[PDB]
């Protein structure tokens, strides 16, 4: 059903920061309802380190992780319902910045490369796995919200 999801994003000038020289820290915080606070930054592909902070999450990385996580969650529920025992699910996902059709810089492509380990006495075939991933992509809330071409390479 319908739901709302909030994030508080906050940046504060450090005492030592001139700011107008563009040499301010891009570190900032993301705060969510359940109480968690995440240290964030601009991507180091767009703003050089040390202005960006490599150890902190960036918007592009979070975008890729959300798409990959959303797809995973749908898949796992499908696999449980088919009574397949999943031991692990690991996705090495990659997003690409490039120019979209309108000539604007965007995340034009995301490749999901999920590797799933099954156990127990009912394991699916290659054909079945493939259909579980197609259903997962079709019912992924995040994939359904984006212009990004989302491709799954099943590993």
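Positions refer to the first chain, counted from 1.
When 118 to 126 is weighed against 41 to 49, 118 to 126 comes out higher, by mean CA B-factor as recorded in the entry. Looking at mean Cα B-factors across 132 to 140 and 5 to 13, the upper value is held by 132 to 140.
Comparing the listed residues 36, 106, 29, 68, the entry records the largest Cα B-factor for 36. Per-chain ranking of the deposited C-alpha B factor places residue 76 in the lowest third. In the deposited entry, the Cα temperature factor of residue 54 sits in the top third of values across the chain's modelled residues.
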